[PDB]
Each structure stands twice: as structure tokens, then as C-alpha cells.
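K.L.:
The numbers in PDB author numbering rise by one with no breaks, and the one at position 22 of the sequence shown is 22.
Where is the CB? At the ideal position from N, CA and C, for every residue including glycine.
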Amino acid sequence: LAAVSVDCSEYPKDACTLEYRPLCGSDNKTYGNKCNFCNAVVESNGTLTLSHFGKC
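1) Using 10 angstroms around the beta-carbon of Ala15, count the other beta-carbons present and answer buried if the total reaches 16, otherwise exposed.
2) Ordered along the chain, which non-local residues of its own chain (more than five positions away) have a Cβ less than 7 angstroms from that of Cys56?
3) With a cut-off of 8 angstroms on the beta carbons, I'd call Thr49 and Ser5 a contact; round off their distance for me.
4) Can you look up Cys35 in the DSSP assignment and give me helix, strand or coil?
5) Assuming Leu23 is part of the beta strand (DSSP E), what are its boundary residues?
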């Protein structure tokens, strides 16, 4: 059932990516890059999980 996830076990990071990669968290949280998402994960005590890739 779409069991994937991006690396976010090194945040918060003092940088970001220029590339564009839309993600969709389990909370229906759509992000632009794994950078923003990662920040969301760490921000969410690292409880936030990636539901899938690309815009929700």
C-alpha cells in the first residue's frame, strides 16, 4: 500500500534542495521538497510519515 519514505533522519538540516519534489504526508500535508517535509517530520517530533510522492 505505497510503502515508501524519504530520508529525514538528519534534520533539521541547514540547507535545502533546488530541485522540485512534491510530497504528500500522512496528514495530507503537501510539500514542495523533502526538505520542507523533513522539517515537518522533525517538527512533528518525527511522527509525520510520508503517505506518497507527488502532489496529493
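P.N.:
Let me spell this out:
1) Exposed, since its Cβ has fewer than 16 Cβ neighbours within 10 Å.
2) Around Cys56: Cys24, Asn28 and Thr30.
3) 7 angstroms
4) helix
5) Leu23 to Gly25
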